[PDB]
Protein chains: 2
Amino acid sequence: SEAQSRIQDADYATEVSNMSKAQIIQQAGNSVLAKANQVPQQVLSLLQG
Amino acid sequence: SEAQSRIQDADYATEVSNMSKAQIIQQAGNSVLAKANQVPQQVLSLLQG
């Protein structure tokens with residue numbers, strides 16, 4: 001049983017750290033996506049003068 | 001009869017000492033088991049934050 005624990009079971013510290021990092025990455029990517037879609041607005045300024 | 005006494009009969013001093021030691025061992029093991037089952041709460045602590 002203890003060997004099966006060493007084989008199939010997961011370690012919660014690493015999982016929690018990885019999940020927190022992944023959530024941080026997701027929010028950061030969402031913000032960068034918003035900025036990227038905001039970038040092309042300069043062409044409207046070009047056209048208007 | 002006395003020869004049979006030296007063979008099949010028990011010595012109460014040794015038996016009482018063993019009984020007391022066994023009771024102490026049982027209670028100590030119960031306490032250690034309680035502590036062992038109490039250990040894994042740190043994972044709940046991790047998940048909470």
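Every number in this text was worked out from the coordinates using simple rules, so none of it is lab data.
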Degrees separating the helix A:12-38 axis from the principal Cα axis of chain A, which is the longest one: 10 degrees
Hydrodynamic radius (Kirkwood) for chain B, which is based on Cα pairs only, to one decimal in Å: 14.6 Å
Euclidean distance of C-alpha centroids, chain B and chain A, integer Å: 53 Å
